[PDB]
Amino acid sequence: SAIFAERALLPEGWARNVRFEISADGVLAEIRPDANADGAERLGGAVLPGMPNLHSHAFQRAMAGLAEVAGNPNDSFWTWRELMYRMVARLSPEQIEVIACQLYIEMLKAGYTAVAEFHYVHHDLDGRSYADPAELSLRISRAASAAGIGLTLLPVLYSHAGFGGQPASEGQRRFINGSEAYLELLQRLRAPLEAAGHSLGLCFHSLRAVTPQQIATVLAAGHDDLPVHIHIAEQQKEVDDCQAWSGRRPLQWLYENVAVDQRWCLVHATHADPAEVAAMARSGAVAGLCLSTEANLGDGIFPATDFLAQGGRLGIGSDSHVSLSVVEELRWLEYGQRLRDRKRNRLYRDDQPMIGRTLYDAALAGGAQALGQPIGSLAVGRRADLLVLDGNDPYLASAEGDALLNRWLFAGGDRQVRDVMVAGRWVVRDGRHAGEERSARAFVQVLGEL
């Protein structure tokens, strides 16, 4: 099939009159700027690579916004976590799948074309494994296929309630596997995921939830083709607790004990000191920044300017899914730096003064890297994942090139995303997803049950 864009953001920058040929398998086959649109579908606005969403816990969308109730003069991440545990305790396999499908449809409508699902809900309500332990992982994959979103499934190793290998709490029972069972699950997922065109990654929940021996064991197991994700340094309390346990800060500890490299996505990484920031940038690991969730949970502000300055790589994730908006994450990534520094125009490159373009470029690259997928760029051989902005919008129609990204990301919003393609298939057209009516009906029923 062929599509034609009057304006498109290609790897070398903005281009005009671009004709794309897309293979039967949804791969970009030919990309020709300054071309004719003969026989190709003319697109309705500016075309961008789709944005990868590098961190998600799907089920949390069901509780999104409901935890905004003061139950203490000092509510925090940790009282929130108890509420999250209460919901996860009652979620059936069918409910989990319905929530995921609905969530992925909403992600697509926002311009997220692929998602890394950081998946730790493994077992039944009693904490016992399903007859096929991959039961819930397979439902995540089925939901992603139904929505049409790209997927890297990250089954999560979760074994302990805290540093020093503390025993898992009852509230964590659905998450728990030892290293051996985890590795069996991981290996068993390869075939079904491959069959769906989906990807896989290794994942440790956090340094609180696994032991150093488990990390070594898993990393030595031979899955060298896989991304590696971990929540790290999100909350000050984890930093303090890590120091009491090891005499090291979380990021410090990880870098001293593990060969962190480009395979890694360090989710949050919020409390990184100057040395830790330097080590992250040197390693080529991706910082998985979840701005709306980090603000919602009162985590803090990442040192993004220092990090970017040293060649740091980053991407964005919607995480708890209080927000499903590429615009909001990138906008408030920048705005948080502005509020901290009390200055403007914080995240730019030496070769790129445009803030919107800097942010979009960065998150596309970090997102693709963290997912381990051939995405993030409209280049021959990469997957045809793209969004089409509103060509009739007066702000966008009046802008060219990087100014258009500034109008969208800093003055515009989600409804400016009109059409979305993943793997060469249109999954959103004029703001609508074909499965939205059925999904919303299933979803409202599930919310009522919960």
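Note that residue numbering follows the sequence shown and begins at 1. Definition used throughout: the rigid core is the maximal C-alpha set that superposes within 1.5 Å between two forms.
Relative to the displayed structure, the C-alphas of 183 to 191 lie farther away on average in 4 other deposited structures of this protein than those of the other candidate, with 183 to 191 and 254 to 262 compared after rigid core superposition.
The mean C-alpha temperature factor is higher for 273 to 281 when 273 to 281 and 310 to 318 are set side by side. Stretches compared: 240 to 248, 297 to 305. Higher mean C-alpha B-factor in the entry: 240 to 248.
By the numbers in the PDB entry, the CA B factor is greatest at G162 among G150, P374, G111, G162.
For the set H119, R128, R139, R81, the maximum C-alpha B-factor listed in the entry falls on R81. Ranked against the other modelled residues of its chain, the C-alpha B-factor of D34 as given in the entry falls in the highest third.
The PDB entry assigns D124 a C-alpha temperature factor belonging to the lowest third of its chain's modelled residues. The deposited CA B-factor of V18 belongs to the middle third of values across its chain. When the CA B factors of the chain's modelled residues are split into thirds, the value for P93 lands in the lowest one. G288: CA B factor in the middle third of modelled residues in this chain (values from the PDB entry).
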